[PDB]
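Down below is the structure, laid out as structure tokens.
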Amino acid sequence: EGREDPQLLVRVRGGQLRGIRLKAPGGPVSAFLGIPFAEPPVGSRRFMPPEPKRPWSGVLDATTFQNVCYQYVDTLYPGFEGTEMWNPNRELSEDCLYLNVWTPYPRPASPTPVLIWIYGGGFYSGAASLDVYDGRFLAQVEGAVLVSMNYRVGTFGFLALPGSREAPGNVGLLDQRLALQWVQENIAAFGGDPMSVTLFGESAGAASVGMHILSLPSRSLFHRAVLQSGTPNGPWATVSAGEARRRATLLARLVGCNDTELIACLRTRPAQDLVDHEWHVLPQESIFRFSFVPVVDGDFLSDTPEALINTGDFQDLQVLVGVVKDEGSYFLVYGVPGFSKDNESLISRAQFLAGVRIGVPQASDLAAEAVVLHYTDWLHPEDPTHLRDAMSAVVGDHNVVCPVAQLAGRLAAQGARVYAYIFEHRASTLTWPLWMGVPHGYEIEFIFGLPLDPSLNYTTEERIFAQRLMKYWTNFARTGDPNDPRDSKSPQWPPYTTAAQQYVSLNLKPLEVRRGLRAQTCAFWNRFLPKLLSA
Amino acid sequence: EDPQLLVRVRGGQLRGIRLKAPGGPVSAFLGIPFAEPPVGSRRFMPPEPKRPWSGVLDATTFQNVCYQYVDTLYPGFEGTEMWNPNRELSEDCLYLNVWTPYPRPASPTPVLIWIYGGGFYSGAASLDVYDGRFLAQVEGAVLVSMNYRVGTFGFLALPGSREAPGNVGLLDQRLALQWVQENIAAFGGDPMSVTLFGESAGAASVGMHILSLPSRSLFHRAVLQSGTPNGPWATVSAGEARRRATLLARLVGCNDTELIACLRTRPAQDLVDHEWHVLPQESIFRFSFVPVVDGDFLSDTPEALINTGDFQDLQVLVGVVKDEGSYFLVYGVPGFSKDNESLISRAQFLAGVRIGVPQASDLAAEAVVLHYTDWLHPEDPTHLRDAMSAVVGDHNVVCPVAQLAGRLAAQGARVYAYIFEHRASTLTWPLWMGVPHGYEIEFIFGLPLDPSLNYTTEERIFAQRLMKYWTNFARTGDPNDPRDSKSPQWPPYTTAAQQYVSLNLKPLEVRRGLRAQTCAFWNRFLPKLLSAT
Ligand SMILES: NC(=O)c1cc[n+](COC[n+]2ccc(/C=N/O)cc2/C=N/O)cc1
Ligand SMILES: NC(=O)c1cc[n+](COC[n+]2ccc(/C=N/O)cc2/C=N/O)cc1
């Protein structure tokens, strides 16, 4: 204070922050990285809801990203950029309840709609500091205020002994909520408009967006929601209390540990230890299942997300939801024998039948067989390309595409304004093999405008496309309508309705309007497969 | 005394009639007895060979139609009456007809034996659509069609009983086949090129002869139009037969002997009267008295027999029409009538599915419903109505044909498949029914060649192709024109390629996968579903 840049000093409820002038392609952005928003959920506060960050004295340095929440680091393909980019890029620490604010520089004159990013990562990983989450471009180019919060992933954030006091579960969501509160209270200090807060996120982040939609206390904290390749409903995003309990207790067992005693013990265990074992607690060989995820606690989540979407009403809600061309593929290389990033993963019907059990771990044989039955191309039932692609499709449809359909469906049905997309563009920079197509999580860098960074080798059409997506997103943030209110030479993105089921393709090509998110196959997943469990 | 019209078969002498076919004359020997009238004590009994007769049996007129339900749902309406008996009903109806070229062909000629449909409860070999004159004249075929007992008379089985062993309508047919073997040379027929062909139940029977050992020496090729021995309707288990028999017997006021005797006492029409009360569910495309897995004629389930059989010295021509199921929707599926577009509501669809797949558990019905629902257009009646048509067609004919065509090929039979896509210009059912069950027969039999029938000339030409495929198939085991390169070729249906041709007014187009996905559902998952629940 005195010699430094007047435009980078902001006070927030917790006290004084000094941010950083960051270079974006189009010019400078204000950045306030690693702002604490909670008391470090450390020591005795492990598993506990976050507590509001106690005000600090002097100026907090908000110039660099803070610690990433303690998490499993993926090491299946070490060195590989396609997994590296998701890996923590800051120190792993339980003290990681920090959030990031990008805004134009200078900060916007008039209150500016807020985008709050919630990262995915299966609820066991992710960090708002990942390069693909860099909000400088949306800040710079769209003049948006962008906020991303770390929240506790894995056990630290989602280990629950439901009903207990010391590990009530969902605290990762509560961290998220707490940041959302933080934005309400503090965002105006940055020229953010607390009255125009959009949540967007992807994979688990989307599920988290969704759960905020579905959780009353969160509802007053944002106005519009974007769920990219994630939904709070679906087989992966939550667990029953019983399952949470069973997993928490087994994880306990596995590290050597009445809920207090158990949790107390868990709290004496080193972070790493918990991480080291978080994945041993899954009931089956699974892909796209994660150990510690939001629990249906009958608190944060009053009931199952399934119920909550089926029955709640979503009047004041505008929701942009969508999927990528290939939700499944990514998950295939991490547990489905046959699959790899290093070959074309042409599998056998055996390997498929197998992968279906892994992909749909919750399936009884009959269910699994229905899956196989549905996805087999009965012309080419032995066809490795088809089976590989089917396997992709199964995992993607089951965990992402169909829940998204269900979600957009029920949401529209219940008077929410829903825009739907399928993002069909494969980053020209993608390092995954062509077979994986546009895999889970690979629209994010476009939404964020990474292509705008010339030093990132994206093609010029990827820059144009990036701005387009950024337009959509920020338009949607701004108005609850991704559409450019002026510009109408460009085709409209109709709301997804139950009657029309319209959604747009997001390619390099202009918006193509399609009907039915896998309407047919999703009938299978959303309508039939449930009934096949009931017997 | 035209000696062309004069044949001596084993049983004595026949006087045929010289019939005019559009391109010349044919010898028709109609009303030829091939079994002792299955009357009186003989009712429900296997047919015994007709006793020899004195003098010259007038064989110029069709004989009685086997005693069957006459359909009344739309009286006077050509669309239904065309299937109704066009002769006097009578249990005394074990006669076959032979058309031949006139003159009697010089060299032994491939015989096609037609087995009519009629759900095993009706049909007759005298109906115009089974007129063998065209195939005799145009294609030089010796064409035989028998009557075989239908309904209770042909198929009321008290399995294991002496006096209603079951499958006697099939035995009737087997007898006609023996009769052809024993007699057809006398007509110029080649008892070494006998091709059975038939539709609906006529196909199931054709298939049942494929599946029945005694029948195998009685034909070489088989053509199964729009029906199969496998599948939901063509057979019943012994227990279900017994059940329906005993039930029918209850309904007409009656150990097996003591019961059959009583059924024996009953005027035909009394049996026919109650023939329908005996279906376990409010069904469609389900018939009360059908061949029974008796462990005898059918040593095991057609599925068992088609899964496990060896079929490598067998050629089969199988196919379906575009709308197998539609026809059946008007006969018990609320909301369907030939007298509107039958645009149904979602509810009527879920309902018209427990009637179409009557044996479905709610789960299986739901399975069917979710499968057939166009989720882009979930409530659009045009779809629901077509899906209904589809459900019933696929369930009953298409997919059964699929499994059959698949199993036969797998197990070494040479198989040709088709989907018949041409709707007759003269069709009397409304358009929404498309190409209903049964409506390729007119074409195969070459009826469009009779100019007085007001078939378009493009249909005349089509009929001719079909007759040519069928008779080529009859001649050679291969429907393809054995000299004629300007194609395309009808490839054998194989389990790999699953190729089959559309028969329509365009040239053959080869499609692959006979509703592969949908039949997957029907032939793979549905069994598993009910096979648990
Ligand atoms: N802690 C866990 O539950 C866990 C940890 C690691 N994996 C495997 O990491 C592979 N991987 C890598 C990236 C993603 C994407 N997440 O949004 C998902 C996955 C999981 N597939 O089953 C699964 C579960
Ligand atoms: N005896 C019976 O089981 C019976 C009698 C009459 N019908 C009604 O006739 C309508 N109909 C008319 C023609 C056909 C075609 N058969 O190949 C089939 C059907 C049956 N649909 O459920 C059905 C069963």
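Quick reminder, even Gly has a Cβ in these numbers, built from the backbone with ideal geometry, and neighbours come from all protein chains shown. The numbers here are math on the coordinates, done by the rules we state, and not lab data.
Numbers at a glance
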item	result
Under-5 Å amide H pairs with B:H277, H placed in peptide plane, nonlocal only	none
Residues A:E91, B:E324, sorted so that the one with the fewest Cβ neighbours within 10 Å comes first	A:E91, B:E324
Per-residue [θ]222 nm for chain A (sum of -39500 (n - 2.57) over DSSP H runs n ≥ 4, rounded to 500)	-9000 deg cm²/dmol
Anisotropy class of the range B:354-457 from Cα gyration tensor, a/c 1.5 cut	oblate
Centre separation in Å (Cα based) which lies between the range A:202-240 and the range B:111-174	66 Å
Fewest-first sequence of A:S428, B:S288 by Cβ atoms within 10 Å of each Cβ	A:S428, B:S288
Size descriptor, Kirkwood hydrodynamic radius, that averages inverse alpha-carbon separations across the range B:118-216, Å	14.3 Å
Residue mean of other protein chain beta carbons inside 10 Å, A:371-382	5
Eligible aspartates and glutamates near A:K53 by straight Cα distance, threshold 18 Å, same-chain separation 8 or greater	A:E39, A:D61, A:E94, A:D95, A:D175, A:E185
Beta bridges by DSSP in chain A, antiparallel share as percent, to the nearest 5	40 percent
The range B:403-484: proportion of alpha-carbon pairs further apart than 19 angstrom, %	47 percent
Cα centroid separation, the range A:493-509 to the range A:1-64 (Å)	39 Å
As computed over the range B:1-92, the Cα convex hull volume per residue (Å³)	133 Å³
Ascending count of other beta-carbon atoms within 10 Å, so fewest first, for B:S283, B:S54, A:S208	B:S54, B:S283, A:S208
Hull shadow area, averaged, the range A:130-176 [alpha-carbon convex hull, nm²]	3.9 nm²
Cα-based Rg of the protein assembly as shown normalised by 2.2 N^0.38 Å, two decimals	1.18
Beta bridges per DSSP with both ends in the protein assembly as shown, % antiparallel, nearest 5	40 percent
Alpha-carbon centroids, the range B:408-426 and the range B:301-320: separation in whole Å	14 Å
Phi-based couplings in Hz for the range A:515-530 (Karplus 6.51, -1.76, 1.60; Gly and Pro marked x)	10, x, 5, 5, 3, 6, 5, 6, 4, 5, 7, 8, 10, 7, 4, x
Hull-based mean projected area of the range B:311-351, where the convex hull spans the alpha carbons, in square nanometres	4.8 nm²
Gyration tensor over alpha-carbon atoms, the range B:287-359, equivalent ellipsoid semi-axes in Å	34, 16, 11
Computed label-point distance, nm, for sites A:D273 and A:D365 using a 7 Å Cα→Cβ extension	4.2 nm
Kirkwood Rh in Å, taken over all unlike Cα pairs in chain A	23.0 Å
Binned Cα-Cα distances of the range A:228-300, short to long, each 5 Å bin given as a whole percent	3, 15, 24, 24, 18, 11, 4, 1
